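*Asks:* What would the 3D arrangement of this be:
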Amino acid sequence: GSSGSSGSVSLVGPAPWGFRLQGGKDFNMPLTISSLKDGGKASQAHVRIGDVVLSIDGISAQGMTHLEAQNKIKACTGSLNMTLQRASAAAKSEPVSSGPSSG
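*Replies:* Residues are numbered from 1 along each chain as shown. The coordinates are given below.
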């Protein structure tokens with residue numbers, strides 16, 4: 001059903017995986033998925049905006065600036081191996097509403 005635990009992913013692209021990066025130490029924030037392309041690799045890997053990159057190419061993206069993480073990404077040409085961070089449950093359900101009728 002629903003679950004949320006660490007896990008790595010793999011992308012296939014010379015660089016333009018379709019996803020971007022935003023934040024960093026220089027930014028004063030964690031590395032998150034800036035944007036993504038229509039049904040892009042990242043998307044194909046079920047990557048939503050806000051996903052935090054725990055690692056980049058097996059490297060720790062803890063003490064790495066935006067440029068850094070970007071540098072690594074640039075390093076990767078074949079595939080991109082990075083880890084994401086889970087956050088609570090990733091599923092929402094909208095309840096249906098209805099009203100009675102007058103006689």
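*Asks:* Would you mind measuring from residue 49 to residue 43?
*Replies:* In this view, residue 49 and residue 43 are 10 Å apart by Cβ to Cβ, to the nearest Å. C-beta: built from backbone N, CA, C; applies to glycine.
*Asks:* do residue 57 as well
*Replies:* Taking Cβ to Cβ, one finds residue 57 at 20 Å from residue 43.
*Asks:* ok, now residue 15?
*Replies:* Counting by Cβ to Cβ, the separation of residue 15 from residue 43 is 16 Å.
*Asks:* Compare neighbour counts for those two and give me the winner.
*Replies:* Ranked by neighbour count (other Cβ atoms under 10 Å), residue 15 and residue 43 place residue 43 first, with 16 against 11.
*Asks:* Need phi/psi at the more buried one.
*Replies:* Backbone torsions of residue 43, given as degrees, to the nearest 10, read phi -60, psi -40.
*Asks:* pretty sure it is touching residue 18, no?
*Replies:* Yes. Assessed by Cβ atoms under 8 Å, residue 43 is found in contact with residue 18 at 6.7 Å.
*Asks:* what is in contact with those two at once?
*Replies:* Common contacts of residue 43 and residue 18 (Cβ atoms under 8 Å, 6 or more residues apart in numbering): 36, 37.
*Asks:* okay, now residue 3: neighbour count?
*Replies:* That count, for residue 3 with other Cβ under 10 Å as the rule, works out to 9.
*Asks:* how about it, secondary structure?
*Replies:* With DSSP: H, G, I helix; E, B strand; the rest coil as the basis, residue 3 sits in coil.
*Asks:* From residue 83, how far out is it?
*Replies:* 16 Å.
*Asks:* cool, residue 59 as well?
*Replies:* Distance of residue 59 to residue 83, given as Cβ to Cβ: 10 Å.
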